[PDB]
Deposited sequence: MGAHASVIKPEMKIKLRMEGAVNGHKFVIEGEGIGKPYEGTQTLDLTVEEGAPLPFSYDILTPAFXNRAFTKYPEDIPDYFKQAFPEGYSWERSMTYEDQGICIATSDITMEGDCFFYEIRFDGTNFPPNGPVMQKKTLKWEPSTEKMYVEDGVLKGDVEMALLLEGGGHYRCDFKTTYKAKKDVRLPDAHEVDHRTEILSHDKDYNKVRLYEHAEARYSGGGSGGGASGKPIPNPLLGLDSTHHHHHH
């Protein structure tokens, strides 16, 4: 197996949100067969970020999804070559983000090149006013079409004061070579900001993910 029980992560995200250009770099560790990973993120350009950091965390690797034996693992099968994804994040107040990620591998380390762009967030909405607490845990529905793996999920950010703020994810995952294509399945996701400094210039981010059938 090309994917070791413990793997290092290195990443660079670049983009803009409502025009504000930013650059974020990260390094971390993950356990691909356990479907967990922890990442240390640093804002390198654009600090202090003027928008909610939570909109970014989904963009920071489904190789860190734990797959049972009877569901082919699209993501692990794609290595050493790797895979990429394109994702749209449509928020209920018409803010919209588009992100892409190219995932490669060298030695015992995964590398992500992430682009992240967002626009039309209302100036007094919960994103630009940083009123979001965290993402509710969610279930992504995975299915194959046009020869690649798609994922849809309706997401929700909890708000200061007790509300929720919805977002629809649509993602296309593309292996760099041909692999066994799975039947439709689901992926249970949980993310958690473990720690951060005052302006979120330093953030430690954790994610768990595990695949299963609907039943």
*Where along the deposited sequence are residues missing from the model?*
1-5, 66, 222-249
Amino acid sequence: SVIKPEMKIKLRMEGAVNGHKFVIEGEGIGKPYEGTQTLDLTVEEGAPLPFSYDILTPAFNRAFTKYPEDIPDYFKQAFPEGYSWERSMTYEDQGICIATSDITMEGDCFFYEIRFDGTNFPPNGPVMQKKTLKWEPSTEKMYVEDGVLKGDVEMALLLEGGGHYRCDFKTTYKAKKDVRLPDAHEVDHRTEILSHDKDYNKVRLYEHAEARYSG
From here on, numbers count along this sequence of modelled residues.
_Higher-B stretch (mean Cα B-factor, as the entry records it), 102-110 or 141-149_ = 102-110
*Hey, which bit's got the bigger mean C-alpha B factor in the entry, 61-69 or 177-185?*
61-69
*Give the position of residue 168 by CA B-factor within its chain, expressed as the lowest, middle or highest third.*
lowest
*By the record's CA B-factor, is residue 122 among the lowest, middle or highest third of residues in the chain?*
middle
*asked:* Quick check on the deposited entry: does the C-alpha B-factor of residue 94 sit in the lowest, middle or highest third of its chain?
replied: highest
*Would you please rank residue 158 by its C-alpha temperature factor against the other modelled residues of its chain and give the third it falls in: lowest, middle or highest?*
middle
*Quick one: classify residue 13 as lowest, middle or highest third of the chain based on its Cα B-factor.*
middle
